[PDB]
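As a starting point, one isolated chain is supplied in structure tokens, in the form deposited in one PDB entry.
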């Protein structure tokens, strides 16, 4: 009896059950049993690299977008250009999403886009009205963003449930995901994490442009726009603070729209003032433009698979509009296939339509074999910058010295490929 083995991460509330519901029509159509194994993200990395070196593993694995370069460069993934042609090729994806289909600069695709993580700003419509801040102006530009946070700091408005003021902005500082939160500020200033110029990749974290963007963002906590407790918190803790009426503004993904529709007893926040006064806007334009951070996850086929033709049919199914919409629903993500965004499921909620507006500006990291190493060094040095911010000690000079250290370590890492 035909079987496929698929490894996935915990993408949805009941990961195995949801994936089995997702693929049931495919199973029934081709008389195949898809065997799913759920792996936490760090357990997944170990298992996948072990499969790559040993030549023993599943047919398909989920990959984070930032893992495609490293696993591709091992020479263990089957080309999937034919799958991607079936789904509509380069045209059917945002350019930032298309970049994650391959090792940077490779002719052959080795991963199929599955779902997209992207971030935009949620805001309390009641808080901004009370502060005399127009959201269209506040999220248009860095100048409007800083000016609106100042007006939010001054506002006498109190949440009608907490009976207390709102922090103007809640954001995590030091966290493993700190580079994703920084990236739109680096990019909007004209900077980069690493850039390809002069026949090689180099750190750009200590460029003038990158330092301007980083200092703009990190300095907002020192100006009193971000409360001290936000900088002691992880991504989920900040989401809870926004739901609980403690934040006027915070960056998250499309999952918060679904949560605002669901009672707290089902893991949502529909009863709370925030859910009833919810707006969303893209990140603001910097001096060199407007960018939305993209991540998410792709699917890859190991080239030692004994089931490649059937595995490619399953990749076409998972990558295709029906499954794209269903899984984006299950995960609270955006479909990776842009064709799926035309689905009435998206077109019928004005807040989700705003995420699709945000998506036009999408930007990803380069798909480098050495990406994990680059990101680790950038996270370590930005975490030291955020530690200075939590003490009110960050200067442009202190930030420059931390990014000069990151750039030296990164350039030595990039030397190794």
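Only the largest set of C-alpha atoms that superpose within 1.5 Å between the two forms is called the rigid core. Numbering follows the first chain given and starts at 1.
One more form of this protein should be noted, the form deposited in another entry, which is absent from this view; the next part is about it.
**Study point:** Identity of the moved residue from 311, 218, 193, 133, C-alpha shift 2 angstroms or more, core fit between this form and the one not shown
**Key:** That would be 311.
Review point. Would the C-alpha of residue 249 be classed as shifted by 2 Å or more between this form and the one not shown after rigid-core alignment?
Key: The answer is no; the displacement is under 2 Å.
Review point. Core aligned, does the CA of residue 76 move at least 2 Å between this form and the one not shown?
Key: After core superposition, the displacement of the residue 76 C-alpha between this form and the one not shown reaches the 2 Å mark, so yes.
Exercise for review: Compare the position of the CA of residue 407 between this form and the one not shown after a rigid core fit and state whether the shift reaches 2 Å.
Suggested key: No, the C-alpha moves less than 2 Å.
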